[PDB]
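Participant: Dumping the structure here so I can ask a few things about it.
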Amino acid sequence: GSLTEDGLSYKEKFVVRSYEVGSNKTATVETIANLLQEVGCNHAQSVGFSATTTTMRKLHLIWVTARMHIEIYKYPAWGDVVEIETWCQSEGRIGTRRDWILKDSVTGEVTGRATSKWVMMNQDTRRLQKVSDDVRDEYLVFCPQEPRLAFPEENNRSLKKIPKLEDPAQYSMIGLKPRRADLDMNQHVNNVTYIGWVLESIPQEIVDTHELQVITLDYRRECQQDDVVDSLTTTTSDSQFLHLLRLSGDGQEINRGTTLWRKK
Amino acid sequence: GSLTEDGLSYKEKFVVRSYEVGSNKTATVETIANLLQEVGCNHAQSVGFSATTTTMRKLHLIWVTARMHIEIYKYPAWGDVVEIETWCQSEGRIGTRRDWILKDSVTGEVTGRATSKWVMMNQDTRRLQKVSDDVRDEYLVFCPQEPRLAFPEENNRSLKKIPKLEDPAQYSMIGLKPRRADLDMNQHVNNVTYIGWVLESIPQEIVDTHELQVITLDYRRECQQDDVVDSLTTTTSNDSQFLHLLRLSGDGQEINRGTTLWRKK
Ligand SMILES: Cc1cc(C)nc(N)n1
Ligand SMILES: Cc1cc(C)nc(N)n1
């Protein structure tokens with residue numbers, strides 16, 4: 001991978017691996033979510049980060065995902081080359097936004113796109129807060145000044161309010177515990193695991209007869225290593241579903257989202 | 001990736017990804033096991049396989065893993081290039097053997113090596129069978145004629161008999177169900193998931209103060225999508241040895257058994 005000519009975005013090609021595809025011989029949405037996360041990490045290293053800034057490290061402040069939205073038009077097949085272009089952008093005092101464009105390496109056409117909202121939060125306390133001093137100026141030099149959105153369209157699927165799933169849920173997958181492979185380098189549950197857990201309540205018949213077109217996921221709380229999750233789903237409709245991830249015990253909401261599926 | 005000059009082995013380089021490393025910023029043993037499986041799939045595709053042969057597809061026979069042995073000297077760090085060289089070899093009427101050599105792309109030294117035993121199974125009835133004469137002459141052209149072992153040694157740990165864990169187990173991880181990410185393109189539980197499940201019963205303190213040096217894993221039965229596994233472990237030993245056992249939570253049907261060796265950091 002490498003930064004573009006202007007240095008305001010990063011590009012990287014990937015070859016789809018055999019263990020990364022589903023029954024239809026095309027990359028799974030979790031594989032795509034992993035590749036976006038990988039290209040975002042490389043963009044952060046290529047600009048001098050480790051993701052954190054100078055003032056963000058002297059003060060115990062980290063970046064945490066608040067929302068992830070992924071729209072796929074074509075899933076790359078096992079063996080295909082896919083180029084993802086990512087970039088950061090300021091969103092005022094709210095936080096940072098990171099967008100991605102998935103392209104086919106042979107045809108050059110956009111096969112998918114994604115957007116994500118990020119918030120501040122103290123590492124040692126887990127608050128929210130916001131700052132504009134050194135922090136805003138530190139990443140402003142690595143972001144395009146004029147608006148560059150992956151989903152520009154006024155009133156689009158990436159900015160909609162997600163409602164809370166009412167009980168009882170139509171479908172459910174209970175007793176979901178994360179394992180060492182689900183944790184990251186800091187021993188925190190990877191954000192991609194929540195995507196796989198949300199899709200665990202989707203019926204197998206829906207998966208075998210439909211393709212996941214859109215997936216919006218709001219992040220409310222972090223599932224810990226010793227926690228157990230309950231995935232809940234209800235059909236609201238193409239097929240639309242409302243999702244809810246909560247701790248098996250108290251019923252503490254950790255995630256909520258929506259999925260759209262097209263007939264094959 | 002690409003086949004070597006003689007065409008009797010395949011080489012492929014990989015860049016270690018951020019999501020593929022553990023707490024020590026080095027690739028996990030499951031990531032390594034995935035890269036060996038990926039380089040093995042590309043070697044099969046490059047020689048004209050898909051990894052069944054012409055007679056194997058006609059007779060409804062497939063290749064199944066019976067044993068996996070992995071010995072790691074150095075785990076590649078996040079961002080490092082690692083080149084794995086794999087090759088097939090006939091093992092008489094028992095089956096095939098596939099070996100791997102992990103090397104560092106910058107220093108060129110061997111950072112790990114692995115071996116695996118494969119058997120022929122009827123796709124439909126899941127009945128194991130000895131390799132017939134017609135099948136052996138189809139893949140012999142893609143295997144080196146003279147013995148080429150990754151673990152040649154007189155008494156290596158890749159050919160040792162693994163005993164069954166006695167009850168009660170010292171450590172255990174109960175209620176392990178596979179998810180859609182654990183299944184492969186044929187909806188079968190990936191062989192790498194069993195490695196991650198075996199290590200689920202290993203204490204967190206052992207992981208945080210030791211590095212996995214050797215892992216031998218015998219495959220007895222396959223875990224299905226709707227099955228639940230119980231991982232069991234017992235210490236048998238500076239180095240620490242453990243005996244493992246994977247069994248279905250219900251009936252207690254053994255699906256896997258193995259051993260792990262760990263050295264102090
Ligand atoms: C916005 C947000 C996201 C996450 C994962 N946790 C918290 N507390 N807040
Ligand atoms: C040797 C072997 C391996 C597996 C996964 N299943 C069976 N039946 N036999």
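Counting begins at 1 with the first residue displayed.
Per the header: X-ray crystallography, 2.7 Å.
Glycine is no exception: its Cβ is also placed from the backbone N, Cα and C atoms.
Pulled the feature table from Swiss-Prot, pasting it below:
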ACT_SITE  B:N186  active site
ACT_SITE  B:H188  active site
ACT_SITE  B:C223  active site
Participant: Using C-alpha atoms only, work out the spacing between B:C223 (active site) and B:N186 (active site) and round it to an integer in Å.
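Facilitator: Cα-Cα, rounded: 14 Å.
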Participant: What's the number of neighbouring CB atoms sitting within 10 A of the CB on B:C223 (active site)?
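Facilitator: Its Cβ has 23 other Cβ atoms within 10 Å.
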Participant: Tell me which residues of the chain lie with their Cβ under 8 angstroms from that of B:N186 (active site), as long as they are six or more apart in sequence?
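Facilitator: Set apart from B:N186 (active site) by at least 6 residues yet with Cβ under 8 Å, there are none.
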Participant: Inside 10 Å of the Cβ of B:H188 (active site), count up the other Cβ atoms and send me the figure.
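Facilitator: That number is 15.
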Participant: Calculate how many Å lie between the CA atom of B:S50 and the CA atom of B:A51, with the 4 residues in between left unmodelled, and give a whole number.
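Facilitator: Distance across the unmodelled stretch, Cα to Cα, is 4 Å.
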Participant: Filter the candidate list B:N186, B:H188, B:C223 of active-site residues, keeping only entries whose CB is under 6 Å from an atom of ligand 2.
Facilitator: none
Participant: Calculate how many Å lie between the CA atom of B:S237 and the CA atom of B:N238, with the 16 residues in between left unmodelled, and give a whole number.
Facilitator: 10
